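Coming up is one lone chain in structure tokens, specifically the form deposited in one PDB entry.
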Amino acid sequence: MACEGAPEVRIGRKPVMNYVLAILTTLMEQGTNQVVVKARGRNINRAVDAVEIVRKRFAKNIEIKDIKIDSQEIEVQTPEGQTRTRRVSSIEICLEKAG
């Protein structure tokens, strides 16, 4: 799990543009050369899109250092009953400045 200690940008439901800008501004911070993008479930799609937009359109000197996926089961209390079985996946994309 590279990018240890690197700042983190968690992807949510806001327009992908916001996260693209978040990644760019973070990598602009003095002494910061890495950023890890994290997302869970459906947001994983947006996380990948943001990274590709960053690399293909804003900064070609940003490399995809590493990518890791994982998951976990959460408790989803049924409507009126009691039971839960839901596994939520996650992705962590480690980005690094100027390869």
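From 1 onward, residues are counted along the sequence shown. In this text, the rigid core denotes the largest set of C-alpha atoms whose superposition between the two forms falls within 1.5 Å.
A second form of this protein, the form deposited in another entry, is not displayed here; the remarks below concern that form.
After superposition on the rigid core, the Cα atom of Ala59 is displaced by 2 Å or more between this form and the one not shown. Core-aligned CA deviation for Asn18 between this form and the one not shown: less than 2 Å. Once you line up the core between this form and the one not shown, the Cα of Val88 stays within less than 2 Å of where it was.
The pair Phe58 and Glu63 is tighter in that other deposited form: their Cα-Cα distance falls by no less than 3 Å compared with this form. Between this form and the other one, the CA-CA gap for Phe58 and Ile62 narrows by 3 Å or more, being smaller in that other deposited form.
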